$ cat target.cif   # mmCIF, C-alpha atoms and all ligand atoms
data_structure
#
loop_
_atom_site.group_PDB
_atom_site.id
_atom_site.type_symbol
_atom_site.label_atom_id
_atom_site.label_comp_id
_atom_site.auth_asym_id
_atom_site.auth_seq_id
_atom_site.Cartn_x
_atom_site.Cartn_y
_atom_site.Cartn_z
ATOM 1 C CA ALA T 2 18.568 -16.871 28.124
ATOM 2 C CA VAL T 3 17.568 -17.071 24.454
ATOM 3 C CA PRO T 4 20.180 -14.992 22.512
ATOM 4 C CA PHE T 5 18.663 -12.232 20.339
ATOM 5 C CA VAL T 6 15.149 -12.104 21.817
ATOM 6 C CA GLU T 7 15.514 -8.482 22.959
ATOM 7 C CA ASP T 8 16.198 -7.040 19.493
ATOM 8 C CA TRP T 9 13.455 -5.223 17.594
ATOM 9 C CA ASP T 10 13.295 -4.013 14.009
ATOM 10 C CA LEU T 11 11.329 -0.931 12.946
ATOM 11 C CA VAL T 12 9.397 -2.068 9.873
ATOM 12 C CA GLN T 13 7.270 1.017 9.215
ATOM 13 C CA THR T 14 5.511 4.116 10.479
ATOM 14 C CA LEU T 15 2.010 3.632 11.873
ATOM 15 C CA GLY T 16 1.385 7.352 12.222
ATOM 16 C CA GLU T 17 3.327 10.486 13.100
ATOM 17 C CA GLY T 18 1.487 12.351 15.822
ATOM 18 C CA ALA T 19 2.090 16.043 16.458
ATOM 19 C CA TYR T 20 4.554 15.297 19.272
ATOM 20 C CA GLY T 21 6.405 12.558 17.394
ATOM 21 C CA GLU T 22 5.830 9.300 15.543
ATOM 22 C CA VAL T 23 4.630 5.753 16.125
ATOM 23 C CA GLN T 24 6.279 2.786 14.442
ATOM 24 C CA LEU T 25 5.542 -0.897 14.006
ATOM 25 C CA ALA T 26 8.319 -2.942 15.619
ATOM 26 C CA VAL T 27 8.827 -6.649 14.963
ATOM 27 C CA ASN T 28 10.754 -8.945 17.285
ATOM 28 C CA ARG T 29 13.879 -10.360 15.644
ATOM 29 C CA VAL T 30 13.413 -13.893 16.996
ATOM 30 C CA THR T 31 9.717 -14.420 17.767
ATOM 31 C CA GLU T 32 8.366 -11.929 15.215
ATOM 32 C CA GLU T 33 5.939 -10.591 17.831
ATOM 33 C CA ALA T 34 4.578 -7.217 16.706
ATOM 34 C CA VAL T 35 4.258 -4.135 18.898
ATOM 35 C CA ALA T 36 3.866 -0.408 18.363
ATOM 36 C CA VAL T 37 6.541 1.983 19.564
ATOM 37 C CA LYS T 38 5.633 5.554 20.412
ATOM 38 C CA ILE T 39 8.735 7.652 19.842
ATOM 39 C CA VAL T 40 8.784 11.082 21.482
ATOM 40 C CA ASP T 41 11.597 13.644 21.572
ATOM 41 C CA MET T 42 11.682 15.042 25.124
ATOM 42 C CA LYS T 43 13.766 18.050 24.039
ATOM 43 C CA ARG T 44 11.087 19.856 22.027
ATOM 44 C CA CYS T 48 8.422 17.251 27.838
ATOM 45 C CA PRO T 49 9.534 15.393 31.026
ATOM 46 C CA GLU T 50 6.314 16.193 32.916
ATOM 47 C CA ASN T 51 3.799 15.125 30.266
ATOM 48 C CA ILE T 52 5.528 11.909 29.223
ATOM 49 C CA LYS T 53 6.189 11.004 32.866
ATOM 50 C CA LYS T 54 2.464 11.191 33.624
ATOM 51 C CA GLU T 55 1.475 9.261 30.496
ATOM 52 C CA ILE T 56 3.843 6.446 31.447
ATOM 53 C CA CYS T 57 2.470 6.368 34.995
ATOM 54 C CA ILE T 58 -1.175 6.143 33.887
ATOM 55 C CA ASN T 59 -0.398 3.501 31.257
ATOM 56 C CA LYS T 60 1.298 1.240 33.829
ATOM 57 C CA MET T 61 -2.004 1.104 35.749
ATOM 58 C CA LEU T 62 -4.077 -0.086 32.771
ATOM 59 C CA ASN T 63 -5.047 -3.705 32.128
ATOM 60 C CA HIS T 64 -8.238 -4.251 30.126
ATOM 61 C CA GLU T 65 -9.170 -5.904 26.813
ATOM 62 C CA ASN T 66 -10.577 -2.637 25.431
ATOM 63 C CA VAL T 67 -7.597 -0.478 26.407
ATOM 64 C CA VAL T 68 -4.262 -0.483 24.554
ATOM 65 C CA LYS T 69 -1.801 -2.535 26.617
ATOM 66 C CA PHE T 70 1.448 -0.968 27.862
ATOM 67 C CA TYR T 71 4.504 -3.251 27.798
ATOM 68 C CA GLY T 72 7.254 -0.909 28.965
ATOM 69 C CA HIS T 73 9.498 2.064 28.251
ATOM 70 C CA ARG T 74 13.190 2.560 27.465
ATOM 71 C CA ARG T 75 15.065 5.746 28.443
ATOM 72 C CA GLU T 76 17.813 6.078 25.815
ATOM 73 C CA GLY T 77 18.889 9.653 26.523
ATOM 74 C CA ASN T 78 16.228 12.129 25.397
ATOM 75 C CA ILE T 79 14.212 9.787 23.171
ATOM 76 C CA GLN T 80 11.509 8.024 25.179
ATOM 77 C CA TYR T 81 10.508 4.699 23.628
ATOM 78 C CA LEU T 82 7.053 3.572 24.741
ATOM 79 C CA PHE T 83 6.270 -0.031 23.811
ATOM 80 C CA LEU T 84 2.526 -0.441 23.330
ATOM 81 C CA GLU T 85 0.036 -2.943 21.933
ATOM 82 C CA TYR T 86 -0.041 -3.289 18.158
ATOM 83 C CA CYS T 87 -3.509 -3.054 16.610
ATOM 84 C CA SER T 88 -3.349 -4.213 12.977
ATOM 85 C CA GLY T 89 -6.869 -2.940 12.282
ATOM 86 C CA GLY T 90 -5.798 0.685 12.523
ATOM 87 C CA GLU T 91 -7.971 3.605 13.591
ATOM 88 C CA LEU T 92 -11.752 3.544 13.905
ATOM 89 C CA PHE T 93 -11.605 6.873 12.081
ATOM 90 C CA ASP T 94 -10.731 4.977 8.884
ATOM 91 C CA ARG T 95 -13.707 2.625 9.225
ATOM 92 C CA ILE T 96 -16.166 5.551 9.015
ATOM 93 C CA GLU T 97 -17.297 6.426 5.470
ATOM 94 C CA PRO T 98 -17.443 10.202 4.952
ATOM 95 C CA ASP T 99 -21.077 11.362 5.103
ATOM 96 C CA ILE T 100 -22.249 7.756 5.506
ATOM 97 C CA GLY T 101 -20.938 6.256 8.732
ATOM 98 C CA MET T 102 -21.017 2.453 8.894
ATOM 99 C CA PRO T 103 -23.568 -0.357 9.317
ATOM 100 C CA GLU T 104 -25.610 0.161 12.496
ATOM 101 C CA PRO T 105 -24.682 -3.330 13.828
ATOM 102 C CA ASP T 106 -20.959 -2.537 13.577
ATOM 103 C CA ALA T 107 -21.444 0.811 15.321
ATOM 104 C CA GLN T 108 -23.448 -0.818 18.118
ATOM 105 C CA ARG T 109 -20.735 -3.401 18.667
ATOM 106 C CA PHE T 110 -17.983 -0.750 18.626
ATOM 107 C CA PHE T 111 -20.064 1.338 21.040
ATOM 108 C CA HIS T 112 -20.400 -1.615 23.453
ATOM 109 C CA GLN T 113 -16.620 -2.083 23.460
ATOM 110 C CA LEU T 114 -16.134 1.650 23.950
ATOM 111 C CA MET T 115 -18.424 1.682 27.000
ATOM 112 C CA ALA T 116 -16.601 -1.333 28.484
ATOM 113 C CA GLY T 117 -13.273 0.469 28.128
ATOM 114 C CA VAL T 118 -14.582 3.721 29.622
ATOM 115 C CA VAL T 119 -16.336 1.928 32.517
ATOM 116 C CA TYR T 120 -12.979 0.315 33.282
ATOM 117 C CA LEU T 121 -11.082 3.602 33.175
ATOM 118 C CA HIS T 122 -13.628 5.435 35.300
ATOM 119 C CA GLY T 123 -13.789 2.495 37.694
ATOM 120 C CA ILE T 124 -10.054 2.853 38.310
ATOM 121 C CA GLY T 125 -10.478 6.627 38.617
ATOM 122 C CA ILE T 126 -8.938 7.890 35.404
ATOM 123 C CA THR T 127 -10.483 10.049 32.709
ATOM 124 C CA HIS T 128 -9.184 9.947 29.145
ATOM 125 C CA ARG T 129 -10.210 13.505 28.179
ATOM 126 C CA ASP T 130 -9.728 13.105 24.413
ATOM 127 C CA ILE T 131 -11.980 10.333 23.145
ATOM 128 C CA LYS T 132 -12.310 10.436 19.346
ATOM 129 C CA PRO T 133 -12.109 7.997 16.369
ATOM 130 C CA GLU T 134 -8.397 8.632 15.857
ATOM 131 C CA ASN T 135 -7.656 7.366 19.381
ATOM 132 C CA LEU T 136 -9.851 4.277 19.076
ATOM 133 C CA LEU T 137 -7.917 1.396 17.513
ATOM 134 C CA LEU T 138 -8.975 -1.973 16.102
ATOM 135 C CA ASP T 139 -7.042 -5.198 16.593
ATOM 136 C CA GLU T 140 -7.006 -8.104 14.108
ATOM 137 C CA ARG T 141 -10.507 -9.229 15.157
ATOM 138 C CA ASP T 142 -11.961 -5.709 15.046
ATOM 139 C CA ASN T 143 -11.960 -5.301 18.829
ATOM 140 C CA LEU T 144 -11.870 -1.630 19.878
ATOM 141 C CA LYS T 145 -8.978 -0.413 22.049
ATOM 142 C CA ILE T 146 -8.863 3.044 23.651
ATOM 143 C CA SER T 147 -5.421 4.618 23.125
ATOM 144 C CA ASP T 148 -3.255 7.680 23.790
ATOM 145 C CA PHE T 149 -3.293 8.655 27.446
ATOM 146 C CA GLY T 150 -1.215 11.786 26.993
ATOM 147 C CA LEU T 151 -4.138 13.980 28.093
ATOM 148 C CA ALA T 152 -5.573 11.622 30.740
ATOM 149 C CA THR T 153 -5.616 12.227 34.483
ATOM 150 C CA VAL T 154 -6.799 10.800 37.796
ATOM 151 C CA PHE T 155 -10.145 12.222 38.867
ATOM 152 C CA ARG T 156 -10.757 9.916 41.851
ATOM 153 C CA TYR T 157 -8.169 8.987 44.476
ATOM 154 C CA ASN T 158 -8.741 7.396 47.869
ATOM 155 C CA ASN T 159 -12.438 7.328 46.989
ATOM 156 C CA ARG T 160 -12.574 11.136 46.780
ATOM 157 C CA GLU T 161 -13.438 12.784 43.468
ATOM 158 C CA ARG T 162 -11.652 15.941 42.365
ATOM 159 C CA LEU T 163 -13.292 18.377 39.944
ATOM 160 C CA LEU T 164 -11.409 19.273 36.780
ATOM 161 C CA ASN T 165 -10.640 22.772 35.480
ATOM 162 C CA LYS T 166 -8.019 22.308 32.754
ATOM 163 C CA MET T 167 -9.305 22.742 29.217
ATOM 164 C CA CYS T 168 -8.169 20.002 26.867
ATOM 165 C CA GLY T 169 -9.437 17.544 24.316
ATOM 166 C CA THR T 170 -10.616 18.292 20.787
ATOM 167 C CA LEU T 171 -13.224 20.986 20.086
ATOM 168 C CA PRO T 172 -15.726 18.856 18.087
ATOM 169 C CA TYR T 173 -15.696 16.144 20.796
ATOM 170 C CA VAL T 174 -15.592 18.407 23.858
ATOM 171 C CA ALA T 175 -18.537 18.729 26.274
ATOM 172 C CA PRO T 176 -20.233 22.159 26.527
ATOM 173 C CA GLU T 177 -19.461 22.607 30.245
ATOM 174 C CA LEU T 178 -15.740 22.583 29.477
ATOM 175 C CA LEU T 179 -16.302 25.808 27.540
ATOM 176 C CA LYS T 180 -18.826 27.389 29.922
ATOM 177 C CA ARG T 181 -17.825 26.500 33.492
ATOM 178 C CA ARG T 182 -14.671 26.923 35.575
ATOM 179 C CA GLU T 183 -14.922 23.470 37.170
ATOM 180 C CA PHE T 184 -16.656 20.291 36.028
ATOM 181 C CA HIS T 185 -17.071 16.560 36.698
ATOM 182 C CA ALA T 186 -14.716 14.305 34.712
ATOM 183 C CA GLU T 187 -17.029 11.379 33.902
ATOM 184 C CA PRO T 188 -19.801 13.286 32.076
ATOM 185 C CA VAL T 189 -17.166 14.806 29.771
ATOM 186 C CA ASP T 190 -15.985 11.383 28.522
ATOM 187 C CA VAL T 191 -19.637 10.296 28.161
ATOM 188 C CA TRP T 192 -20.292 13.292 25.901
ATOM 189 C CA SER T 193 -17.297 12.550 23.659
ATOM 190 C CA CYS T 194 -18.491 8.932 23.358
ATOM 191 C CA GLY T 195 -21.793 10.407 22.126
ATOM 192 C CA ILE T 196 -20.058 12.425 19.400
ATOM 193 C CA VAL T 197 -18.154 9.277 18.420
ATOM 194 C CA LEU T 198 -21.459 7.360 18.130
ATOM 195 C CA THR T 199 -22.916 10.149 15.987
ATOM 196 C CA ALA T 200 -19.835 9.966 13.767
ATOM 197 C CA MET T 201 -20.105 6.189 13.303
ATOM 198 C CA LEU T 202 -23.793 6.478 12.367
ATOM 199 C CA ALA T 203 -23.722 9.607 10.169
ATOM 200 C CA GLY T 204 -20.164 9.826 8.903
ATOM 201 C CA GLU T 205 -19.932 13.451 10.043
ATOM 202 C CA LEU T 206 -19.434 15.636 13.106
ATOM 203 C CA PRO T 207 -22.476 17.679 14.183
ATOM 204 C CA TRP T 208 -20.608 20.899 15.061
ATOM 205 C CA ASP T 209 -17.148 22.510 15.320
ATOM 206 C CA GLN T 210 -17.754 23.104 19.033
ATOM 207 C CA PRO T 211 -20.706 22.926 21.485
ATOM 208 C CA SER T 212 -21.270 26.680 21.834
ATOM 209 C CA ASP T 213 -24.461 28.732 21.563
ATOM 210 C CA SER T 214 -22.670 30.716 18.846
ATOM 211 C CA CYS T 215 -22.412 27.556 16.732
ATOM 212 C CA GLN T 216 -25.561 27.336 14.601
ATOM 213 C CA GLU T 217 -25.449 23.538 14.396
ATOM 214 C CA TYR T 218 -25.384 23.192 18.189
ATOM 215 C CA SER T 219 -28.275 25.629 18.667
ATOM 216 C CA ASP T 220 -30.384 23.627 16.185
ATOM 217 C CA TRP T 221 -29.787 20.404 18.123
ATOM 218 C CA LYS T 222 -30.926 22.030 21.367
ATOM 219 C CA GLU T 223 -34.056 23.179 19.510
ATOM 220 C CA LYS T 224 -34.690 19.547 18.492
ATOM 221 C CA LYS T 225 -34.354 20.074 14.732
ATOM 222 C CA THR T 226 -33.536 16.399 14.128
ATOM 223 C CA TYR T 227 -34.717 16.675 10.524
ATOM 224 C CA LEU T 228 -31.388 18.375 9.788
ATOM 225 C CA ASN T 229 -28.374 16.851 8.016
ATOM 226 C CA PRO T 230 -26.659 14.731 10.667
ATOM 227 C CA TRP T 231 -29.572 13.517 12.810
ATOM 228 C CA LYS T 232 -31.886 12.771 9.868
ATOM 229 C CA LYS T 233 -29.801 9.775 8.778
ATOM 230 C CA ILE T 234 -29.417 8.031 12.150
ATOM 231 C CA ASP T 235 -32.672 6.217 12.999
ATOM 232 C CA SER T 236 -35.148 6.350 15.861
ATOM 233 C CA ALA T 237 -33.603 3.990 18.441
ATOM 234 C CA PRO T 238 -29.973 5.191 18.398
ATOM 235 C CA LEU T 239 -31.215 8.781 18.007
ATOM 236 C CA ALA T 240 -33.124 8.472 21.291
ATOM 237 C CA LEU T 241 -29.893 7.352 22.983
ATOM 238 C CA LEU T 242 -28.049 10.366 21.539
ATOM 239 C CA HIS T 243 -30.755 12.699 22.917
ATOM 240 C CA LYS T 244 -29.891 11.394 26.399
ATOM 241 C CA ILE T 245 -26.108 11.638 25.901
ATOM 242 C CA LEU T 246 -25.804 15.009 24.201
ATOM 243 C CA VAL T 247 -27.590 16.854 27.017
ATOM 244 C CA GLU T 248 -26.105 20.266 27.835
ATOM 245 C CA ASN T 249 -26.440 20.071 31.626
ATOM 246 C CA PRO T 250 -23.781 17.510 32.707
ATOM 247 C CA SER T 251 -25.749 16.676 35.854
ATOM 248 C CA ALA T 252 -28.799 15.763 33.741
ATOM 249 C CA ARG T 253 -26.821 13.842 31.094
ATOM 250 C CA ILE T 254 -27.284 10.063 31.136
ATOM 251 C CA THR T 255 -24.666 8.038 33.029
ATOM 252 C CA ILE T 256 -22.984 4.902 31.776
ATOM 253 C CA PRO T 257 -24.975 2.601 34.064
ATOM 254 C CA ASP T 258 -28.153 3.962 32.453
ATOM 255 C CA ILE T 259 -26.680 3.849 28.947
ATOM 256 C CA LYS T 260 -26.332 0.085 29.405
ATOM 257 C CA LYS T 261 -30.093 -0.032 30.030
ATOM 258 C CA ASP T 262 -31.005 2.020 26.932
ATOM 259 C CA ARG T 263 -33.244 0.324 24.339
ATOM 260 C CA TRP T 264 -30.911 0.659 21.351
ATOM 261 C CA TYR T 265 -27.938 -0.421 23.448
ATOM 262 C CA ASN T 266 -29.776 -3.703 24.169
ATOM 263 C CA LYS T 267 -31.320 -4.249 20.725
ATOM 264 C CA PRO T 268 -30.307 -7.488 18.938
ATOM 265 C CA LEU T 269 -28.641 -6.370 15.696
ATOM 266 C CA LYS T 270 -25.366 -8.118 14.891
ATOM 267 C CA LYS T 271 -24.420 -11.770 14.449
ATOM 268 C CA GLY T 272 -21.017 -13.183 15.391
ATOM 269 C CA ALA T 273 -17.967 -13.504 13.129
ATOM 270 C CA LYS T 274 -19.066 -15.425 10.008
ATOM 271 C CA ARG T 275 -18.425 -19.148 10.493
ATOM 272 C CA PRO T 276 -17.360 -19.382 14.188
HETATM 273 N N1 LIG T 301 1.878 0.829 4.492
HETATM 274 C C1 LIG T 301 1.951 1.829 5.579
HETATM 275 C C2 LIG T 301 0.514 2.259 5.975
HETATM 276 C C3 LIG T 301 0.539 3.256 7.151
HETATM 277 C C4 LIG T 301 -0.891 3.551 7.606
HETATM 278 N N2 LIG T 301 -1.516 2.266 8.031
HETATM 279 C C5 LIG T 301 -2.832 2.356 8.707
HETATM 280 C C6 LIG T 301 -2.686 1.772 10.091
HETATM 281 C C7 LIG T 301 -2.756 0.315 10.320
HETATM 282 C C8 LIG T 301 -2.501 -0.183 11.677
HETATM 283 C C9 LIG T 301 -2.194 0.781 12.722
HETATM 284 N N3 LIG T 301 -1.907 0.559 14.057
HETATM 285 C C10 LIG T 301 -1.641 1.792 14.682
HETATM 286 C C11 LIG T 301 -1.279 1.995 16.115
HETATM 287 C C12 LIG T 301 -1.170 3.225 16.662
HETATM 288 C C13 LIG T 301 -0.919 3.365 18.093
HETATM 289 C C14 LIG T 301 -0.914 4.694 18.673
HETATM 290 C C15 LIG T 301 -0.749 4.789 20.117
HETATM 291 C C16 LIG T 301 -0.619 3.593 20.944
HETATM 292 C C17 LIG T 301 -0.583 2.268 20.353
HETATM 293 C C18 LIG T 301 -0.741 2.187 18.922
HETATM 294 N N4 LIG T 301 -0.817 0.960 18.326
HETATM 295 C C19 LIG T 301 -1.060 0.806 17.004
HETATM 296 O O1 LIG T 301 -1.114 -0.301 16.476
HETATM 297 C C20 LIG T 301 -1.824 2.809 13.713
HETATM 298 C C21 LIG T 301 -2.128 2.219 12.479
HETATM 299 C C22 LIG T 301 -2.380 2.723 11.152
HETATM 300 C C23 LIG T 301 -1.666 1.390 6.854
HETATM 301 C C24 LIG T 301 -0.267 1.021 6.387
#
$ encode --input "target.cif" --output "structure tokens" --more "lines below"
Ligand SMILES: NCC1CCN(Cc2ccc3[nH]c(-c4cc5ccccc5[nH]c4=O)cc3c2)CC1
Amino acid sequence: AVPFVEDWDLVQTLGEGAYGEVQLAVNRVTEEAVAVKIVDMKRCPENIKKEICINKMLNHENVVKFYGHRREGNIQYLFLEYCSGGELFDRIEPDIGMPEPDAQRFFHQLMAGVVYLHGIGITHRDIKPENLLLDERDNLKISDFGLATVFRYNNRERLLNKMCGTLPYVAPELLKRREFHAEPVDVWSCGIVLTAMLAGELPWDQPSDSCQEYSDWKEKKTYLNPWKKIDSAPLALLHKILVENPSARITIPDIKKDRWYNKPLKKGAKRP
């Protein structure tokens, strides 16, 4: 009933992805802020249709909320949660990382989001710092479900075979096997994200035997560049996550039992 409540103004550009751009939209009356993903279909009906479907199913504090979508010819307008904190990528100092306590807390939030997604049967398939957003209170939110898919339906898991994601964050089995379990792949990418937060660098371009960096990790040369600056406890967790055999790689339930995962490190927000 209130007059101009449905009008939104596009204040600025949050980031222009490969397929389009994302803008910060402010409500004309209430001044509520939201992000609008703008994609030009004439450049894909199938992809965007799936992304919208998966987003409608999501409702969790560590997953970017989906408010709705507006047709408007061939310019899909996806209204999503606005995270003023930006990308986790920008909170990682090159070659340094960030304070261990912050990384632990961001890792906890990441696991909560992934447990939720996997619990509802969907795999993200492209977990990386650029898709992990921070809200005003620094709470992590998993975003961009353009590459996500359902791996469990009617309590029956389906193996994946499509190759997608981002090389540095991709699990080795995706490059070596024809079919693979969805869950271990997201676990692996979360491991590369943790390494990034603690070392401020990616360990390898891709998890292939041909990649020298990857071979050195499998040979346990932890005295080398990335691993040397991490620290015992979290390093032990990484050894369990970045395991080549996906069937031997640690699961999320066990990650929540890991020593570093449960180590008291960070206090609450200064002055409650
Ligand atoms: N003065 C203009 C600059 C432009 C770059 N900007 C960094 C920055 C701050 C907040 C910020 N929030 C985003 C978002 C992206 C995004 C992508 C996909 C789904 C939902 C959302 N929601 C967002 O919320 C991206 C981004 C990026 C700092 C201000």
$ resolve_selection --input "target.cif" --expression "the PyMOL selection byres (((not hetatm)) within 6 of (chain T and resi 301))" --output "PyMOL selection string"
chain T and resi 15-16+36+84-90+147-148
$ closest_residue --input "target.cif" --among "T:11, T:234, T:152, T:2" --to "residue T:204" --atoms "all atoms listed in the file"
T:234
$ closest_residue --input "target.cif" --among "T:253, T:160, T:122, T:260" --to "residue T:177" --atoms "all atoms listed in the file"
T:253
$ residues_around --input "target.cif" --residues "residue T:162" --least-positions-apart "5" --cutoff "8 Å" --atoms "all atoms listed in the file" --output "list in words"
residues 155, 156 and 185 of chain T
$ residues_around --input "target.cif" --residues "residue T:273" --least-positions-apart "6" --cutoff "12 Å" --atoms "all atoms listed in the file" --output "number ranges by chain"
T: 106, 109, 141-143
$ write_last_selection --input "target.cif" --atoms "C-alpha atoms" --output "PDB file, keeping the file's coordinate frame"
ATOM      1  CA  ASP T 106     -20.959  -2.537  13.577  1.00  0.00           C
ATOM      2  CA  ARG T 109     -20.735  -3.401  18.667  1.00  0.00           C
ATOM      3  CA  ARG T 141     -10.507  -9.229  15.157  1.00  0.00           C
ATOM      4  CA  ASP T 142     -11.961  -5.709  15.046  1.00  0.00           C
ATOM      5  CA  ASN T 143     -11.960  -5.301  18.829  1.00  0.00           C
TER       6      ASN T 143
END
$ atom_distance --input "target.cif" --atom1 "atom CA of residue T:75" --atom2 "atom CA of residue T:144"
29.2 Å
$ atom_distance --input "target.cif" --atom1 "atom CA of residue T:169" --atom2 "atom CA of residue T:151"
7.4 Å
$ residues_around --input "target.cif" --residues "residue T:25" --least-positions-apart "2" --cutoff "7 Å" --atoms "only C-alpha atoms" --output "ChimeraX atom specification"
/T:11-15,27,34-37
$ resolve_selection --input "target.cif" --expression "the PyMOL selection byres (((chain T and resi 199) around 10) and not hetatm)" --output "compact mmCIF listing (two decimals) with C-alpha atoms, in the coordinates of the input"
# COMPACT_ATOMS: atom_id res chain seq x y z
CA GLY T 101 -20.94 6.26 8.73
CA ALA T 107 -21.44 0.81 15.32
CA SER T 193 -17.30 12.55 23.66
CA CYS T 194 -18.49 8.93 23.36
CA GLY T 195 -21.79 10.41 22.13
CA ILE T 196 -20.06 12.42 19.40
CA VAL T 197 -18.15 9.28 18.42
CA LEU T 198 -21.46 7.36 18.13
CA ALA T 200 -19.84 9.97 13.77
CA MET T 201 -20.10 6.19 13.30
CA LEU T 202 -23.79 6.48 12.37
CA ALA T 203 -23.72 9.61 10.17
CA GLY T 204 -20.16 9.83 8.90
CA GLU T 205 -19.93 13.45 10.04
CA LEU T 206 -19.43 15.64 13.11
CA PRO T 207 -22.48 17.68 14.18
CA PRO T 230 -26.66 14.73 10.67
CA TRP T 231 -29.57 13.52 12.81
CA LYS T 233 -29.80 9.78 8.78
CA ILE T 234 -29.42 8.03 12.15
CA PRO T 238 -29.97 5.19 18.40
CA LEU T 239 -31.22 8.78 18.01
CA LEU T 242 -28.05 10.37 21.54
CA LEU T 246 -25.80 15.01 24.20
$ atom_distance --input "target.cif" --atom1 "atom CA of residue T:269" --atom2 "atom CA of residue T:114"
17.0 Å
$ residues_around --input "target.cif" --residues "residue T:76" --least-positions-apart "6" --cutoff "12 Å" --atoms "only C-alpha atoms" --output "PyMOL selection string"
chain T and resi 39-42+82
$ residues_around --input "target.cif" --residues "residue T:167" --least-positions-apart "4" --cutoff "10 Å" --atoms "all atoms listed in the file" --output "VMD selection string"
chain T and resid 129 174 178 to 179 182 to 183
$ resolve_selection --input "target.cif" --expression "the PyMOL selection byres (((chain T and resi 63) around 12) and not hetatm)" --output "PyMOL selection string"
chain T and resi 58-62+64-71+85+117+120-121+124+145-146
$ closest_residue --input "target.cif" --among "T:240, T:228, T:92, T:56" --to "residue T:134" --atoms "all atoms listed in the file"
T:92
$ closest_residue --input "target.cif" --among "T:83, T:157, T:184, T:149" --to "residue T:57" --atoms "only C-alpha atoms"
T:149
$ decode --input "target.cif" --residues "stretch 76-91 of chain T" --atoms "N, CA and C atoms" --output "short mmCIF file (atom, residue, chain, number, x, y, z; two decimals), in the first residue's frame"
data_model
loop_
_atom_site.label_atom_id
_atom_site.label_comp_id
_atom_site.auth_asym_id
_atom_site.auth_seq_id
_atom_site.Cartn_x
_atom_site.Cartn_y
_atom_site.Cartn_z
N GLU T 76 12.01 -8.74 -17.18
CA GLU T 76 12.43 -7.55 -17.92
C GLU T 76 13.09 -7.87 -19.26
N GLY T 77 12.39 -8.59 -20.12
CA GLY T 77 12.94 -8.94 -21.42
C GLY T 77 14.09 -9.93 -21.35
N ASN T 78 15.26 -9.53 -21.83
CA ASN T 78 16.44 -10.40 -21.81
C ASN T 78 17.52 -9.92 -20.85
N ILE T 79 17.10 -9.30 -19.75
CA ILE T 79 18.04 -8.80 -18.74
C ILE T 79 17.60 -9.26 -17.36
N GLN T 80 17.97 -10.48 -17.00
CA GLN T 80 17.61 -11.03 -15.70
C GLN T 80 18.18 -10.20 -14.55
N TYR T 81 17.31 -9.85 -13.61
CA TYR T 81 17.70 -9.06 -12.45
C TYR T 81 17.54 -9.90 -11.19
N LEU T 82 18.65 -10.42 -10.67
CA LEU T 82 18.61 -11.23 -9.46
C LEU T 82 18.88 -10.37 -8.24
N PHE T 83 17.91 -10.31 -7.34
CA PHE T 83 18.04 -9.51 -6.12
C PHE T 83 18.58 -10.40 -5.00
N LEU T 84 19.80 -10.11 -4.58
CA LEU T 84 20.47 -10.89 -3.55
C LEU T 84 20.90 -10.06 -2.34
N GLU T 85 21.32 -10.76 -1.29
CA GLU T 85 21.76 -10.11 -0.06
C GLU T 85 22.97 -9.22 -0.28
N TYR T 86 22.95 -8.04 0.34
CA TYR T 86 24.07 -7.12 0.23
C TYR T 86 25.02 -7.34 1.40
N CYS T 87 26.29 -7.57 1.09
CA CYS T 87 27.31 -7.79 2.11
C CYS T 87 28.33 -6.66 2.03
N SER T 88 28.14 -5.65 2.88
CA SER T 88 29.01 -4.47 2.92
C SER T 88 30.49 -4.75 3.15
N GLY T 89 30.81 -5.89 3.75
CA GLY T 89 32.21 -6.23 4.01
C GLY T 89 33.02 -6.60 2.78
N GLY T 90 32.35 -6.92 1.68
CA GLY T 90 33.05 -7.28 0.47
C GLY T 90 33.49 -8.73 0.43
N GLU T 91 34.50 -9.00 -0.38
CA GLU T 91 35.04 -10.34 -0.56
C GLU T 91 36.14 -10.71 0.41
#
